[PDB]
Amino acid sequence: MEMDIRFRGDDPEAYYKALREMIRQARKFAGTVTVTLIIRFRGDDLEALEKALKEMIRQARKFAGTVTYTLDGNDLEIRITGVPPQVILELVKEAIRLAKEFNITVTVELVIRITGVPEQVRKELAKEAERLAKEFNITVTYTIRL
């Protein structure tokens, strides 16, 4: 009685707005939407990475959630939990922005943990996940439990 959705290496506005609408629909529908966000930064400019950490910590710590991280030399991992789903989309836009500003390499991943929803919702979101994967040519997967 649960559906997860996993997205990675996201594309420009057309995709973000579309995704947002799926995000929106899901929240409305009679269920619990638990979202988790992961980003990994890479680059030799360690000073840049340390600030990219600090901006995302401060912004995302203003939500009723928490933040964890690790630095495997020149690879910084960030795991954000507890954030409202309609904002999540915008924290994605901010972490891409930091990739450009500091001229560093960044990857992004969204985990949506939907609990107790209709099979009509599951099939539509599936079709929307099937659709977006193909139009934008990116990493898209999902899981359903019963």
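Start at 1 with the first residue shown and count on from there.
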**CA B-factor placement of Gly65, once the chain's modelled residues are sorted into thirds** = middle
**Prompt:** Can you tell me which third, lowest, middle or highest, the CA B-factor of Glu119 falls into for its chain?
**Reply:** highest
**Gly43 - Cα temperature factor, lowest/middle/highest third of chain** = highest
**Message:** Where does the C-alpha B-factor of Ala30 rank in its chain, lowest, middle or highest third?
**Reply:** highest
**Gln86, C-alpha B-factor rank within chain (lowest, middle or highest third)** = middle
